[PDB]
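Q: Take a look at run.cif, mmCIF, C-alpha atoms and all ligand atoms:
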data_entry
#
loop_
_atom_site.label_atom_id
_atom_site.label_comp_id
_atom_site.auth_asym_id
_atom_site.auth_seq_id
_atom_site.Cartn_x
_atom_site.Cartn_y
_atom_site.Cartn_z
CA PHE A 1 -15.07 18.13 -14.53
CA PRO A 2 -14.27 15.32 -14.50
CA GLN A 3 -10.83 16.94 -14.62
CA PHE A 4 -9.59 13.75 -16.26
CA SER A 5 -11.79 14.33 -19.36
CA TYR A 6 -9.96 17.57 -20.30
CA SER A 7 -6.36 18.22 -21.39
CA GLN B 1 -15.68 -6.11 -10.46
CA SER B 2 -12.32 -7.79 -11.25
CA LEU B 3 -9.16 -6.94 -13.21
CA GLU B 4 -6.78 -9.42 -14.89
CA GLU B 5 -3.12 -8.83 -15.84
CA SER B 6 -0.60 -10.43 -18.21
CA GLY B 7 2.27 -12.66 -17.05
CA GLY B 8 5.72 -11.78 -15.69
CA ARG B 9 8.26 -10.61 -18.28
CA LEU B 10 12.04 -10.98 -18.18
CA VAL B 11 13.38 -8.51 -20.71
CA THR B 12 16.66 -6.99 -21.96
CA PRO B 13 17.49 -3.28 -21.36
CA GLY B 14 16.36 -1.13 -24.27
CA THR B 15 13.50 -3.31 -25.52
CA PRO B 16 9.81 -2.20 -25.78
CA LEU B 17 7.19 -4.03 -23.76
CA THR B 18 3.39 -3.96 -23.37
CA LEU B 19 1.43 -4.84 -20.21
CA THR B 20 -2.27 -5.72 -20.43
CA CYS B 21 -5.08 -5.20 -17.92
CA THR B 22 -8.27 -7.11 -18.76
CA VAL B 23 -11.54 -5.98 -17.18
CA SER B 24 -14.35 -8.27 -15.98
CA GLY B 25 -17.77 -6.92 -15.05
CA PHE B 26 -17.77 -3.29 -16.28
CA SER B 27 -17.01 -1.22 -19.40
CA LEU B 28 -14.06 1.18 -19.78
CA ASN B 29 -16.53 3.35 -21.69
CA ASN B 30 -17.89 4.38 -18.27
CA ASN B 31 -14.72 3.92 -16.21
CA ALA B 32 -11.25 5.44 -16.00
CA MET B 33 -8.26 3.17 -15.53
CA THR B 34 -4.89 4.01 -13.90
CA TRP B 35 -1.45 2.34 -13.76
CA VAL B 36 0.75 2.22 -10.63
CA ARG B 37 4.14 0.55 -10.25
CA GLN B 38 6.09 -0.74 -7.26
CA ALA B 39 9.77 -1.70 -7.45
CA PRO B 40 10.78 -4.62 -5.15
CA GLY B 41 10.87 -3.62 -1.47
CA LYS B 42 9.74 -0.07 -2.32
CA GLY B 43 6.47 1.89 -2.37
CA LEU B 44 3.61 2.70 -4.74
CA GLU B 45 4.25 5.30 -7.43
CA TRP B 46 1.64 6.65 -9.86
CA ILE B 47 2.34 6.31 -13.61
CA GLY B 48 -0.80 7.71 -15.30
CA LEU B 49 -4.45 7.18 -16.24
CA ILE B 50 -6.97 7.14 -19.07
CA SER B 51 -10.33 8.93 -18.87
CA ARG B 52 -13.67 7.51 -20.07
CA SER B 53 -13.41 9.30 -23.43
CA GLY B 54 -9.74 8.28 -23.65
CA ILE B 55 -7.73 11.34 -22.52
CA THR B 56 -4.37 10.31 -21.02
CA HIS B 57 -2.56 11.86 -18.07
CA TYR B 58 0.92 10.89 -16.82
CA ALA B 59 3.13 11.72 -13.86
CA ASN B 60 5.91 14.09 -14.89
CA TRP B 61 8.60 11.41 -14.41
CA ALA B 62 6.77 9.05 -16.76
CA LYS B 63 5.72 11.40 -19.58
CA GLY B 64 6.85 10.05 -22.96
CA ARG B 65 8.38 6.75 -21.81
CA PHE B 66 4.98 5.19 -21.07
CA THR B 67 1.86 5.13 -23.26
CA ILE B 68 -1.59 4.15 -22.01
CA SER B 69 -4.11 2.93 -24.58
CA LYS B 70 -7.28 0.87 -24.33
CA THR B 71 -10.22 -0.84 -25.90
CA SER B 72 -13.60 -1.21 -24.13
CA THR B 73 -12.49 -4.26 -22.10
CA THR B 74 -8.68 -3.92 -21.88
CA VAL B 75 -6.20 -1.19 -21.01
CA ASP B 76 -2.48 -1.33 -21.90
CA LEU B 77 0.80 0.14 -20.69
CA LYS B 78 3.51 0.33 -23.33
CA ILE B 79 6.98 0.86 -21.89
CA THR B 80 8.84 2.56 -24.76
CA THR B 81 12.36 1.71 -23.54
CA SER B 82 13.09 -0.55 -20.59
CA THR B 83 15.82 0.39 -18.10
CA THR B 84 16.79 -1.32 -14.83
CA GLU B 85 14.63 1.35 -13.14
CA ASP B 86 11.56 -0.26 -14.77
CA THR B 87 12.06 -3.41 -12.66
CA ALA B 88 8.73 -3.37 -10.83
CA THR B 89 5.32 -4.86 -10.28
CA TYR B 90 2.83 -2.91 -12.38
CA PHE B 91 -0.77 -2.74 -11.12
CA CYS B 92 -3.82 -1.45 -12.98
CA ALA B 93 -6.79 -0.03 -11.06
CA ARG B 94 -10.27 1.44 -11.65
CA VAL B 95 -10.45 5.17 -11.01
CA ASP B 96 -13.37 5.99 -8.71
CA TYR B 97 -15.34 8.83 -10.32
CA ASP B 98 -18.52 9.40 -12.37
CA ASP B 99 -20.53 12.30 -13.86
CA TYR B 100 -21.59 13.75 -10.49
CA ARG B 101 -18.62 13.39 -8.13
CA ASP B 102 -14.97 12.37 -8.01
CA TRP B 103 -13.93 10.24 -5.01
CA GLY B 104 -10.28 10.43 -6.13
CA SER B 105 -9.58 6.84 -5.14
CA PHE B 106 -8.67 3.60 -6.89
CA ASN B 107 -11.07 0.91 -5.63
CA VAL B 108 -10.57 -2.18 -7.79
CA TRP B 109 -7.07 -3.54 -8.27
CA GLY B 110 -5.40 -6.07 -10.57
CA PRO B 111 -3.03 -8.69 -9.07
CA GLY B 112 0.01 -6.98 -10.62
CA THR B 113 2.47 -8.17 -13.24
CA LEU B 114 6.19 -8.27 -12.37
CA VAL B 115 8.68 -6.86 -14.87
CA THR B 116 12.33 -7.77 -14.26
CA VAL B 117 14.60 -5.76 -16.54
CA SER B 118 18.02 -7.36 -16.33
CA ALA B 119 5.12 19.53 -7.87
CA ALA B 120 2.98 17.47 -5.51
CA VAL B 121 4.36 15.16 -2.80
CA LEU B 122 2.77 13.31 0.12
CA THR B 123 5.09 13.01 3.12
CA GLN B 124 3.96 10.04 5.21
CA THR B 125 5.12 9.46 8.78
CA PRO B 126 6.26 7.41 10.46
CA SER B 127 8.04 5.14 7.98
CA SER B 128 7.39 2.22 10.34
CA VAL B 129 5.70 1.49 13.66
CA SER B 130 5.27 -1.45 16.01
CA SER B 131 2.04 -1.89 17.96
CA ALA B 132 0.80 -4.13 20.74
CA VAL B 133 -2.41 -5.95 19.87
CA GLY B 134 -5.21 -3.70 21.11
CA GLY B 135 -2.98 -0.61 20.78
CA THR B 136 -3.68 2.56 18.78
CA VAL B 137 -1.81 3.42 15.58
CA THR B 138 -1.78 6.86 13.99
CA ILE B 139 -0.25 7.50 10.56
CA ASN B 140 0.18 11.03 9.21
CA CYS B 141 0.02 12.20 5.61
CA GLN B 142 1.06 15.75 4.77
CA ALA B 143 0.46 17.37 1.37
CA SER B 144 2.69 20.04 -0.19
CA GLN B 145 -0.41 21.50 -1.85
CA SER B 146 -4.15 21.24 -1.20
CA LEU B 147 -5.82 18.23 -2.74
CA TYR B 148 -8.55 18.11 -5.39
CA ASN B 149 -11.85 18.89 -3.67
CA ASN B 150 -9.82 19.65 -0.50
CA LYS B 151 -10.28 16.08 0.72
CA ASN B 152 -9.49 13.44 -1.95
CA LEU B 153 -6.94 11.68 0.22
CA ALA B 154 -7.34 7.89 0.31
CA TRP B 155 -5.60 5.20 2.35
CA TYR B 156 -4.65 1.73 1.08
CA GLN B 157 -3.51 -1.39 2.93
CA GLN B 158 -0.97 -3.77 1.31
CA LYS B 159 0.08 -7.07 2.92
CA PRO B 160 3.43 -8.46 1.57
CA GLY B 161 3.16 -9.85 -1.97
CA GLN B 162 -0.55 -8.92 -2.29
CA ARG B 163 -2.06 -5.98 -4.20
CA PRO B 164 -3.17 -2.76 -2.40
CA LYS B 165 -6.65 -2.69 -0.82
CA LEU B 166 -8.70 0.51 -0.41
CA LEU B 167 -9.76 1.38 3.17
CA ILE B 168 -10.63 5.10 3.36
CA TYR B 169 -11.55 7.58 0.60
CA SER B 170 -12.39 11.29 0.66
CA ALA B 171 -10.34 11.47 3.89
CA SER B 172 -12.87 9.83 6.21
CA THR B 173 -15.15 7.45 4.27
CA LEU B 174 -14.77 3.76 5.14
CA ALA B 175 -14.77 1.51 2.06
CA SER B 176 -16.98 -1.53 1.57
CA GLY B 177 -16.18 -4.43 3.92
CA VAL B 178 -13.61 -2.44 5.93
CA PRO B 179 -13.69 -2.84 9.75
CA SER B 180 -14.80 0.24 11.67
CA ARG B 181 -11.62 0.03 13.78
CA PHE B 182 -10.07 2.01 10.90
CA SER B 183 -10.93 5.71 10.66
CA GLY B 184 -9.39 8.66 8.84
CA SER B 185 -9.44 12.41 9.32
CA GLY B 186 -7.91 15.70 8.15
CA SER B 187 -8.47 18.50 5.61
CA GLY B 188 -6.41 20.75 3.36
CA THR B 189 -2.94 19.19 3.57
CA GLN B 190 -2.97 17.20 6.85
CA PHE B 191 -4.66 13.78 7.10
CA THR B 192 -4.32 10.91 9.60
CA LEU B 193 -5.18 7.22 9.49
CA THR B 194 -5.99 5.80 12.93
CA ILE B 195 -6.32 2.13 13.89
CA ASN B 196 -8.25 1.90 17.21
CA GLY B 197 -7.60 -1.60 18.58
CA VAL B 198 -4.93 -2.99 16.24
CA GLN B 199 -5.18 -6.69 15.36
CA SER B 200 -2.61 -9.24 14.16
CA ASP B 201 -4.24 -9.16 10.72
CA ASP B 202 -3.66 -5.38 10.48
CA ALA B 203 0.06 -6.02 9.98
CA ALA B 204 0.71 -4.38 6.60
CA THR B 205 2.13 -1.37 4.79
CA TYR B 206 -0.26 1.59 4.53
CA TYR B 207 -0.11 4.14 1.71
CA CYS B 208 -1.87 7.52 1.57
CA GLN B 209 -2.87 8.78 -1.91
CA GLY B 210 -3.99 12.28 -2.93
CA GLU B 211 -5.69 13.55 -6.08
CA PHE B 212 -4.37 16.97 -7.08
CA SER B 213 -5.43 19.38 -9.82
CA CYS B 214 -4.10 17.96 -13.09
CA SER B 215 -3.32 21.43 -14.57
CA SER B 216 -0.89 22.42 -11.77
CA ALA B 217 0.63 19.04 -10.79
CA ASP B 218 0.61 15.27 -11.18
CA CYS B 219 -3.03 14.18 -11.00
CA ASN B 220 -2.20 11.72 -8.22
CA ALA B 221 0.67 10.83 -5.90
CA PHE B 222 1.27 8.41 -3.03
CA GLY B 223 3.10 8.71 0.27
CA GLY B 224 6.19 6.58 0.90
CA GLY B 225 4.11 4.23 3.05
CA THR B 226 4.16 3.06 6.68
CA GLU B 227 5.18 -0.41 7.76
CA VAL B 228 2.94 -1.52 10.62
CA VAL B 229 4.04 -4.53 12.67
CA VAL B 230 1.80 -6.04 15.37
CA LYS B 231 3.49 -7.52 18.46
CA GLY B 232 1.64 -10.52 19.97
CL CL A 301 5.37 -7.33 -26.14
#
Starting from the file, lay out its structure as structure tokens.

A:
Amino acid sequence: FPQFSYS
Amino acid sequence: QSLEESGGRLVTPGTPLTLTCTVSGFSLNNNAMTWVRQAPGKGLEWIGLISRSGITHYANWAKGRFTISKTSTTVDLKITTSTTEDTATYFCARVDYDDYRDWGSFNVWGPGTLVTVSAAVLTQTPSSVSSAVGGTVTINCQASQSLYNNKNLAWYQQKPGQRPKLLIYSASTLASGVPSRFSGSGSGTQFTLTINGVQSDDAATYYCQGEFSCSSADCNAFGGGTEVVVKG
């Protein structure tokens, strides 16, 4: 979280 | 509070091209940006997004043929190679999340920039509907997989030739300045948009949009949209 900030 | 986009570009097949989205009244340091395209006469389709720290995510169709980069005030979309299938209006939009919660939605939209070159699905029904003024309109959105947080389904309105406008987010939350005659419901993989007392100004196309889990699917997708006509 935020799931966008991790690949 | 506002996004600005570059002009319309008439290009040859096979030639690289960069679209710009300029941001007024916030920093991309604290905001994620997403790109969405729409070919003429057709519906919204998600391309990808850039996180606050700068991590990119693409739809599966788009991976490799689009690159999203940014500075603090501007985000870009490089089209590596341009085909006829890239003929579309490309919108940028602010991605609605912060450090505490993730609303899933896109709440500020650019005016779009036309480009003429010359799994997770949302099934949205019906494809079109006609309503008497004062009538009731239901639109259904059906996921193929549960959405991020179970409920990050948003609805947008789009009048012809105008950008999309956010109405409902997290399934049932009415956006700023949206009339209460709109309301949304559902959970899991079934959601409905209702218009109770439809008005001549409600004539538009409505898209549902769902946030999924990035590590099992495209991070977002849209329904195919519903054309709503109002008979008066
Ligand atoms: Cl260029």

Q: For chain A, which residue out of B:61, B:155, B:103, B:207 is the nearest one, using all atoms listed in the file?

A: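 Nearest to chain A: B:103.
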
Q: Could you list, as a compact mmCIF listing (two decimals) with C-alpha atoms, in the coordinates of the input, all the residues within 10 Å of ligand CL 301 (chain A), counting all atoms listed in the file?

A:
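Final output, saved to out_4.txt:
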# COMPACT_ATOMS: atom_id res chain seq x y z
CA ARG B 9 8.26 -10.61 -18.28
CA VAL B 11 13.38 -8.51 -20.71
CA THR B 15 13.50 -3.31 -25.52
CA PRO B 16 9.81 -2.20 -25.78
CA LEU B 17 7.19 -4.03 -23.76
CA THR B 18 3.39 -3.96 -23.37
CA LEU B 19 1.43 -4.84 -20.21
CA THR B 20 -2.27 -5.72 -20.43
CA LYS B 78 3.51 0.33 -23.33
CA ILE B 79 6.98 0.86 -21.89

Q: So, with all atoms listed in the file as the atoms that count, which of B:120, B:49, B:167, B:229 lies closest to residue 3 of chain A?

A: B:49

Q: One number please: atom CA of residue 151 of chain B to atom CA of residue 168 of chain B, in Å, one decimal.

A: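 Between these atoms lies a distance of 11.3 Å.
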
Q: Please determine the contact residues of chain B with respect to chain A at a cut-off of 7 Å, counting only C-alpha atoms, and supply them as a CSV table (one decimal) with C-alpha atoms, in the coordinates of the input.

A:
chain,number,residue,atom,x,y,z
B,51,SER,CA,-10.3,8.9,-18.9
B,53,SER,CA,-13.4,9.3,-23.4
B,55,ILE,CA,-7.7,11.3,-22.5
B,99,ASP,CA,-20.5,12.3,-13.9
B,214,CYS,CA,-4.1,18.0,-13.1

Q: What gap, in Å, lies between atom CA of residue 132 of chain B and atom CA of residue 183 of chain B?

A: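 Pair atom CA of residue 132 of chain B / atom CA of residue 183 of chain B returns 18.3 Å.
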
Q: Please compute the atom CA of residue 13 of chain B-atom CA of residue 58 of chain B distance, one decimal, in Å.

A: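 So the two atoms, atom CA of residue 13 of chain B and atom CA of residue 58 of chain B, lie 22.3 Å apart.
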
Q: Residues proximal to (-1.7, 19.8, -8.7) were defined as those with any atom within 12 Å of that point in the file's coordinates, counting all atoms listed in the file. Which are they, as a list in words?

A: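 Collected hits near the coordinates: residues 3 of chain A; 59, 60, 119, 120, 121, 122, 143, 144, 145, 146, 147, 148, 149, 150, 210, 211, 212, 213, 214, 215, 216, 217, 218, 219, 220 and 221 of chain B.
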
Q: Using only C-alpha atoms and a cutoff of 12 Å, can you tell me which residues are near (-11.2, 3.1, -9.0) in the file's coordinates, and write them out as number ranges by chain?

A: B: 1-3, 26, 28, 30-35, 49-51, 92-98, 102-110, 154, 164-166, 169, 175

Q: Could you list, as an MDAnalysis selection string, every residue within 9 Å of residue 125 of chain B, counting only C-alpha atoms and ignoring same-chain residues fewer than 4 positions away?

A: chainID B and resid 139:142 223:226

Q: Let me make sure I understand: among B:115, B:88, B:230, B:47, which one has the smallest atom-to-atom distance to residue 136 of chain B if we use only C-alpha atoms?

A: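 For residue 136 of chain B, the nearest of the given residues is B:230.
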
Q: Would you list the contacts of residue 37 of chain B as a PyMOL selection string, taking every protein, DNA or RNA residue within 9 Å and counting only C-alpha atoms, but skipping same-chain residues closer than 2 positions in sequence?

A: chain B and resi 35+39+43-47+86+88-92+112

Q: With all atoms listed in the file as the atoms that count, which of B:192, B:81, B:205, B:199 lies nearest to residue 129 of chain B?

A: B:205

Q: Using only C-alpha atoms for the distances, tell me which of B:63, B:159, B:52, B:181 is nearest to residue 27 of chain B.

A: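 Closest residue, counting only C-alpha atoms: B:52.
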
Q: Box for chain A - axis-aligned, 8 Å on each of the six sides, all listed atoms - centre and size in Å to one decimal, as lines of an AutoDock Vina configuration file.

A:
center_x = -10.7
center_y = 16.0
center_z = -17.9
size_x = 24.7
size_y = 20.5
size_z = 22.9
